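To begin, one chain is listed below as structure tokens, in the form deposited in one PDB entry.
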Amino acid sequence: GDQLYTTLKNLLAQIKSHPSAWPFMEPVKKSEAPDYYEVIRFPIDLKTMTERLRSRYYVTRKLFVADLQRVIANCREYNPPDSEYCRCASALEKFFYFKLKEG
């Protein structure tokens, strides 16, 4: 497979493996929280990362970084501060940056 794609796929797999991914897996349920998309007019989630990756959105890892940071941002913006969601996003962030430092 293409080196970048494969790297990002592995990185994404690691991200999904990292428990803290849990809240951000699927898109926010429009039926329940439509307001997510109306406020956070910058949608992303890990399924969407997978879609974008498959769609070769991430022409450079920098864009993956940006979008993952977008998940973190979206979370912290939308959810009340210092929540389980914030903690999860923070664990995700640290884990992610750790993976980046590893490779």
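Numbering starts at 1 and runs along the sequence shown.
Unshown form solved in complex with a small molecule; subsequent notes refer to it.
query: Hey, in the deposited bound form, is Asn79 touching the small molecule, heavy atoms inside 4.5 Å?
result: Yes, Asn79 sits close enough to the small molecule in the deposited bound form that at least one of its heavy atoms falls within 4.5 Å.
- prompt: Does any heavy atom of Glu26 come within 4.5 Å of a heavy atom of the small molecule in the deposited bound form?
  reply: Yes, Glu26 sits close enough to the small molecule in the deposited bound form that at least one of its heavy atoms falls within 4.5 Å.
message: My question is simply whether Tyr85 lines the interface with the small molecule in the deposited bound form - judged by any non-hydrogen atom within 4.5 Å.
response: Result yes; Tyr85 sits at the interface with the small molecule in the deposited bound form.
message: Given that the small molecule is not shown alongside this chain, does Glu32 nevertheless sit within 4.5 Å of it in the deposited bound form, heavy atom to heavy atom?
response: Answer yes; at least one heavy atom of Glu32 falls within 4.5 Å of the small molecule in the deposited bound form.
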